[PDB]
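Cβ coordinates were reconstructed from backbone atoms using ideal geometry, including for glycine residues, and neighbour counts include every protein chain displayed. The numbers here are math on the coordinates, done by the rules we state, and not lab data.
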Amino acid sequence: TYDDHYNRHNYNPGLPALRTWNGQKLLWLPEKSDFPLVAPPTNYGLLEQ
Amino acid sequence: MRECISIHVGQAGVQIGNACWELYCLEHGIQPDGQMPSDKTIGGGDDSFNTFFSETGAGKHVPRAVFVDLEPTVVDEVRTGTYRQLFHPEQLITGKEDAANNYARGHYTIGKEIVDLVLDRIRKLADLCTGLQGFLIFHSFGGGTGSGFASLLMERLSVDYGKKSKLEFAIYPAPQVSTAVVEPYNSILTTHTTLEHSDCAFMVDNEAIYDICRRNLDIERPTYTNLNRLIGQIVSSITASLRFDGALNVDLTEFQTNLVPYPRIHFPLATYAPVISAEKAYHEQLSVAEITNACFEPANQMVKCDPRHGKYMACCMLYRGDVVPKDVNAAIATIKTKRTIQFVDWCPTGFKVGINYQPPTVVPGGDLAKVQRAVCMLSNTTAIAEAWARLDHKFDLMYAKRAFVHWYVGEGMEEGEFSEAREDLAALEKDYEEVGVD
Amino acid sequence: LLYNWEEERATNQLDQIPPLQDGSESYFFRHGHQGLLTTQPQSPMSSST
Amino acid sequence: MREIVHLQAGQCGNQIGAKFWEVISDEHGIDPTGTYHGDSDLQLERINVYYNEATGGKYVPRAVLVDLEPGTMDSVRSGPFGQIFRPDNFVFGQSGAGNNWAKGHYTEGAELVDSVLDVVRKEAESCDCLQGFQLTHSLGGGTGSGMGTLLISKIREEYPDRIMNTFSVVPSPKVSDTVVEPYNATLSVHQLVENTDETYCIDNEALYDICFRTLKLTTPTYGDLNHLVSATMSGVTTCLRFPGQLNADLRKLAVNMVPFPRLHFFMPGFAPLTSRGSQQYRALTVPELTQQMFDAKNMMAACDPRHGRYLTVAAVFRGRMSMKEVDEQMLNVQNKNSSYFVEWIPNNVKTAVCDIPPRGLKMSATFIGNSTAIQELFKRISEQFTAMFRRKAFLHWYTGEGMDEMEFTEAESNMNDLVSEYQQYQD
Ligand SMILES: Nc1nc2c(ncn2[C@@H]2O[C@H](COP(=O)(O)OP(=O)(O)OP(=O)(O)O)[C@@H](O)[C@H]2O)c(=O)[nH]1
Ligand SMILES: Nc1nc2c(ncn2[C@@H]2O[C@H](COP(=O)(O)OP(=O)(O)OP(=O)(O)O)[C@@H](O)[C@H]2O)c(=O)[nH]1
């Protein structure tokens, strides 16, 4: 989680204004319940050395 | 000059300090490497960072904070983070053993052999410092390692240094939410130890912070990053006077003298007015009037205190951004004319105003608004005693059945100190209505 | 025309130093403006005693 | 020749003196770099009243800036005229005030009074012969009240034969911002009445009402307020620097203004205040100046003397006027409201006419007043002092500093004696 929010600067392929009047809750919603999962998670330099 | 030292005790108290420095590095444009672009700001260490960072001839901004923790998990994790090159390694004070949520264990078992080490850090930070108005302690009442270890060190820094201020910031225990039933044990233990030494204790509660998110920010599923952003914004707002100037410049010493009315009770309440979503900022307008209504609106307080159940003593409003005295002095005058806000008759005036020209800025990847005018509301009211009133009837039962005492008496402690806090507490409520009674 | 119309429209032409960045009028006019004098720049040289 | 040295005290006076001195530079026509653009002989002649000479035609201001907080001093130095102020004239300290009256009166001043006295006496030896001194500060200001009271006391025994002019701004009566402000004011005013001989009382709220009235510009800057007070203080000083058959000495003014020694507090009054279209809609004529000069709305100082009566009135006119119009105008107002003066003194007007118009307008004037309008002021602070002294709020600090309710008893007792005094002479 720290890597995502702080280091990875969160999810790139996401659309920025993915939050607006929705369906059931006819308001700003479809922003984030999915959360990033992609990209090398465990690839700092100390492992290879 | 005008500098201070920030303290971060407890592994829950370090990510909040992490975010603040992350927030702090933005407004000064600090690159994660530790150096500016080719623009000339490096030297002997004298610019807007000199109050926050230590960018010496070496060229690397050194934050004037020390992160202390008892468990190496998170601290090593952030030691592998993004700005770890900025962070001085051994002021990220790591630990090899935990206090097991025990105040005394962190206060007695392990705090002794570690305080001397951090004592070397503070003095070697003291020698390089010049004016060092005071301290910035980040901690928690229900601290597994925040409670006990901070208590010893604040005793030690109080006795050796009693000529400077100490600013306290801890998450207040959730009145109805408890992740630990030992939290009432250490929390009142911390309070009774700190009442005669702490200068300015500032608290906050996460539930209403959570309640804010889906009220006006309309976030039903925020995260700590948002939570840490809000509190980091709060400390950023109060520290802008050190960073920049304004129509008038205020300081913690003015805050201390004017906020705390009488000894013991030094527990005011903060608030941030333009807590609003980005979209709401777009198609609306912000001005001093409505935010002054919002700042004094009871549901905007992060502490579950109802002002009409108490009475007001002090109100410190720190206007950061583009404001004029005209509407500000008129708006507060209207507030003085309002009937519902029941200030005590003791204080005709209870308003400490601070004006700062610098507009509050947004953070990349953030969730706040594009604030032109902001204000921080440091206020103290008598509606807070119910919180301690809540704690004691929680505490009086459990102590009467003396649960978990075998853990504390097992590690060498006893009940006499536990007895002290209850009449120490009972002293706190009894004074509260005494000052509450006109 | 809103409240306080006439002068606000008229002052911008006499006040020929408008800032370009948004909201910087207070930053620009932090020192102040020219209110306590005539629009003309110079009335010295009057050897009138 | 007879000169004046200025003292820039308190953090408000830091803005005041900054605005006060730049107007004078603009009035006399010196560039910000300091090379005087020789334009008027009379100001060329009479700049030595306030400015000394450095090499290169640079009029050095004979003013002293004092503070504790570097940042404010850096700002004014980075101002348009910081270069004309001397680094020598920048004396300060390494500590924070806490907006504390006692710390600046016993703790921090102790190691700074030595330095400031040396600087001023060095400046005193630099100049030849002084009328006296004037001070820009505030009575409700934390450090300003602490410093000046110490300084005015020390300079009293230093030179008890000069003019101890005091220019202090009264904080807002409705809200004082600082809660301990009444303590600071009551402490300060106790020493003030003992040490001072003249006092200007200035209130921010009235200036806000003034902006609502004639400025009509909604949002001003506090420096623009500093512009207003500087213009008034410029006018009262135009008498000394400019020729014309008017007697300018403050002693000449003070004896005509002070019937009894304990009368130190005085209220200002200024001349044409003009709105957006009325510049070209104004026939600037002595009747309408006199009418606007004696307007309760035109007043700016404390609160309406309508509540009381008028002891001494003194107005200075700056422009191309004649003795006859000022004479009849006083006769006009004398007939307009005769009973509103006190029977104790008739014909209590003191007129001086400066023949040199200001740079920007011709017909102008300044008024200094001593009327029964101050009773409400210290009566107001009386209830505040008693209410907070009723249960000793915010008191552990000063006892921690080493002060006691000892000092507060006679401080208000001295203040109370003033209440009956202003009552007794009039009522
Ligand atoms: N200050 C702070 N508190 C948090 C955070 N997240 C959760 N909390 C709450 O704060 C409490 C932290 O107290 P402790 O668990 O005693 O922290 P500690 O003393 O450093 O020692 P540990 O028990 O190892 O965490 C938790 O019980 C949470 O309820 C956070 O990010 N910062
Ligand atoms: N410089 C300045 N002062 C102001 C302004 N508005 C109000 N003031 C008041 O003017 C007072 C006088 O300043 P000082 O005498 O220098 O005060 P101090 O001793 O430095 O301590 P403080 O009163 O806390 O500032 C202050 O107390 C302010 O409350 C303003 O816009 N600029």
Going by the structure shown, is B:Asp218 part of a loop (DSSP other than H, G, I, E, B), among the acidic types (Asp, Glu) and either farther than 24 Å from C:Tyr27 by Cα or in contact with a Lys or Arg (Cβ under 8 Å, 6 or more places away or on another chain) (or both)? yes
Where B:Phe169 falls short, out of the listed (1) near ligand 1 (Cβ under 10 Å from one of its atoms); (2) part of a helix (DSSP H, G or I); (3) of a type in the set (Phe, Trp, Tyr): (2)
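Report, by residue number, each residue of the range D:301-341 that is within 14 Å of chain C (Cβ to nearest Cβ) and touching a residue at least 60 places away in the same chain (Cβ under 8 Å).
Residue satisfying the conditions is D:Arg318 alone.
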Of all residues in the range B:314-369, how many are farther than 30 Å from D:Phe389 by Cβ, among the basic types (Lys, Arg) and free of Cβ contacts under 8 Å to residues at least 40 places away in the same chain? 1
Does any residue of the range B:263-275 turn out to be crowded, with 18+ Cβ neighbours inside 10 Å, out of contact with any strand residue (DSSP E or B) (no Cβ under 8 Å at 6 or more places or on another chain), within 23 Å of B:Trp21 (Cα to Cα) and touching a residue at least 12 places away in the same chain (Cβ under 8 Å)? yes
Cβ-Cβ distance below 7 Å, separation of 6 or more or different chains: which pairs start in the range B:403-417 with a residue that is touching a residue at least 60 places away in the same chain (Cβ under 8 Å) and over 15 Å from B:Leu189 (Cα atoms) and end on one that is charged (D, E, K, R) and exposed (fewer than 15 other Cβ atoms within 10 Å of the Cβ)? none
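Going by the conditions given, is D:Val193 among the hydrophobic types (A, V, I, L, M, F, W, C), more than 16 Å from ligand 1 (Cβ to nearest atom) and under 18 Å from D:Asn416 (Cα atoms)?
On the way: among the hydrophobic types (A, V, I, L, M, F, W, C): yes; more than 16 Å from ligand 1 (Cβ to nearest atom): yes; under 18 Å from D:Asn416 (Cα atoms): yes.
Against the criterion (among the hydrophobic types (A, V, I, L, M, F, W, C), more than 16 Å from ligand 1 (Cβ to nearest atom) and under 18 Å from D:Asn416 (Cα atoms)), D:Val193 qualifies.
Please find, within the range D:102-145, the residue that is nearest to D:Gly71 (Cα to Cα) out of those that are within 14 Å of chain B (Cβ to nearest Cβ) and more than 8 Å from ligand 2 (Cβ to nearest atom).
Within the range D:102-145, the first condition is being within 14 Å of chain B (Cβ to nearest Cβ), and the residues that meet it are D:102-104, D:107-108, D:138, D:140-144.
Filter again for more than 8 Å from ligand 2 (Cβ to nearest atom), leaving D:102-103, D:107-108.
Working: D:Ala102: 22, D:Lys103: 20, D:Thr107: 21, D:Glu108: 18 Å.
By that ranking, first place goes to D:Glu108.
Just wondering, is there one or more residues in the range D:150-163 that are crowded, with 24+ Cβ neighbours inside 10 Å and touching a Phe, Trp or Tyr at 6+ places or on another chain (Cβ under 9 Å)?
Going through the range D:150-163, the residues crowded, with 24+ Cβ neighbours inside 10 Å turn out to be D:151.
Subsequent filtering for residues that are touching a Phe, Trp or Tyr at 6+ places or on another chain (Cβ under 9 Å) retains none.
No, because not a single residue in the range D:150-163 is crowded, with 24+ Cβ neighbours inside 10 Å and touching a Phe, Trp or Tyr at 6+ places or on another chain (Cβ under 9 Å).
Yes/no matrix, rows are residues, columns are (1) away from chain D (no Cβ under 14 Å); (2) within 16 Å of ligand 2 (Cβ to nearest atom); (3) surrounded by 18 or more Cβ atoms within 10 Å (Cβ to Cβ):
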{"site": "B:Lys112", "(1), (2), (3)": "yes, no, no"}
{"site": "B:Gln133", "(1), (2), (3)": "no, yes, yes"}
{"site": "B:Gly144", "(1), (2), (3)": "yes, no, yes"}
{"site": "B:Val177", "(1), (2), (3)": "yes, no, no"}
For B:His197, indicate whether it is under 27 Å from B:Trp388 (Cβ atoms) and surrounded by fewer than 22 Cβ atoms within 10 Å (Cβ to Cβ). yes
Only one of (1) more than 8 Å from chain D (Cβ to nearest Cβ); (2) in a loop (DSSP other than H, G, I, E, B); (3) surrounded by 13 or more Cβ atoms within 10 Å (Cβ to Cβ) is not met by C:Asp22, so which one is it? (3)
Selected residue (criterion: farthest from D:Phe20 (Cα to Cα)) from residues of the range D:50-92 that are within 16 Å of ligand 2 (Cβ to nearest atom) and among the β-branched types (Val, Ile, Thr): D:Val91
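Does B:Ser158 satisfy the criteria of being assigned to a helix (DSSP H, G or I), away from ligand 2 (no atom under 16 Å from the Cβ) and of a type outside the set (D, E, K, R)? Before the answer, list the steps.
Numbers: assigned to a helix (DSSP H, G or I): yes; away from ligand 2 (no atom under 16 Å from the Cβ): yes; of a type outside the set (D, E, K, R): yes.
Judged against the criteria, B:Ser158 is a match.
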Would you mention how many residues in the range D:188-214 are assigned to a helix (DSSP H, G or I) and either touching a strand residue (DSSP E or B) at 6+ places or on another chain (Cβ under 6 Å) or within 7 Å of another protein chain (Cβ to nearest Cβ) (or both)? 1
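Can you tell me which of B:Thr190, B:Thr223 is within 16 Å of ligand 1 (Cβ to nearest atom), farther than 30 Å from A:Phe35 by Cα and more than 15 Å from the chain's Cα centre (by Cα)? Spell out the reasoning first.
Numbers: B:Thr223 fails: farther than 30 Å from A:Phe35 by Cα.
After applying the criteria, what remains is B:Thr190.
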Tally, over the range B:343-402, of residues that are part of a strand (DSSP E or B), polar (S, T, N, Q) and within 14 Å of chain D (Cβ to nearest Cβ): 3
All but one of (1) out of contact with any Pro (no Cβ under 8 Å at 6 or more places or on another chain); (2) within 11 Å of chain D (Cβ to nearest Cβ) hold for C:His31; which doesn't? (1)
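Against the condition within 15 Å of ligand 2 (Cβ to nearest atom) and either of a type in the set (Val, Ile, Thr) or within 11 Å of another protein chain (Cβ to nearest Cβ) (or both), how does D:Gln11 come out, does it pass?
On the way: within 15 Å of ligand 2 (Cβ to nearest atom): yes; either of a type in the set (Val, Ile, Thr) or within 11 Å of another protein chain (Cβ to nearest Cβ) (or both): yes.
Yes.
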Among the numbered conditions (1) within 14 Å of another protein chain (Cβ to nearest Cβ); (2) touching a residue at least 24 places away in the same chain (Cβ under 8 Å); (3) charged (D, E, K, R); (4) within 16 Å of ligand 1 (Cβ to nearest atom), tell me where B:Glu77 comes up short. (2)
Any chance you could count how many residues in the range D:175-214 are more than 14 Å from ligand 2 (Cβ to nearest atom), free of Cβ contacts under 8 Å to residues at least 40 places away in the same chain and either in contact with a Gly (Cβ under 8 Å, 6 or more places away or on another chain) or hydroxyl-bearing (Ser, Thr, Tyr) (or both)? 0
I'm told B:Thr381 meets every condition in (1) closer than 25 Å to B:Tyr262 by Cβ; (2) without any contact (Cβ under 8 Å) to a residue 60 or more places away in the chain; (3) not basic (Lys, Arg) except one. Can you identify the failing condition by its number? (2)
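Table: residues versus (1) over 17 Å from D:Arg77 (Cβ atoms); (2) within 11 Å of another protein chain (Cβ to nearest Cβ); (3) within 15 Å of ligand 2 (Cβ to nearest atom); (4) surrounded by 17 or more Cβ atoms within 10 Å (Cβ to Cβ).
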residue: D:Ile4; (1), (2), (3), (4): yes, no, no, yes
residue: D:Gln15; (1), (2), (3), (4): no, yes, yes, yes
residue: D:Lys19; (1), (2), (3), (4): no, yes, yes, yes
residue: D:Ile30; (1), (2), (3), (4): yes, no, no, yes
residue: D:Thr35; (1), (2), (3), (4): yes, no, no, no
residue: D:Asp41; (1), (2), (3), (4): yes, yes, no, no
residue: D:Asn48; (1), (2), (3), (4): yes, no, no, yes
Suppose we filter the range B:236-274 for residues that are farther than 20 Å from B:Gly350 by Cα, within 9 Å of chain D (Cβ to nearest Cβ) and more than 13 Å from ligand 2 (Cβ to nearest atom); how many remain? 0
Residues (more than 23 Å from B:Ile384 (Cα to Cα) and in contact with a strand residue (DSSP E or B) (Cβ under 7 Å, 6 or more places away or on another chain)) located in the range B:159-196: B:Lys164, B:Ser165
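Quick check: anything in the range B:11-18 free of Cβ contacts under 8 Å to residues at least 40 places away in the same chain, away from ligand 2 (no atom under 16 Å from the Cβ) and surrounded by 18 or more Cβ atoms within 10 Å (Cβ to Cβ)?
Start the filter on the range B:11-18 by keeping residues that are free of Cβ contacts under 8 Å to residues at least 40 places away in the same chain, which leaves none.
Taking every residue of the range B:11-18 in turn, none turns out to be free of Cβ contacts under 8 Å to residues at least 40 places away in the same chain, away from ligand 2 (no atom under 16 Å from the Cβ) and surrounded by 18 or more Cβ atoms within 10 Å (Cβ to Cβ).
Out of curiosity, is D:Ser168 more than 16 Å from ligand 1 (Cβ to nearest atom) and either within 14 Å of chain B (Cβ to nearest Cβ) or in a helix (DSSP H, G or I) (or both)?
Values: more than 16 Å from ligand 1 (Cβ to nearest atom): yes; either within 14 Å of chain B (Cβ to nearest Cβ) or in a helix (DSSP H, G or I) (or both): no.
No.
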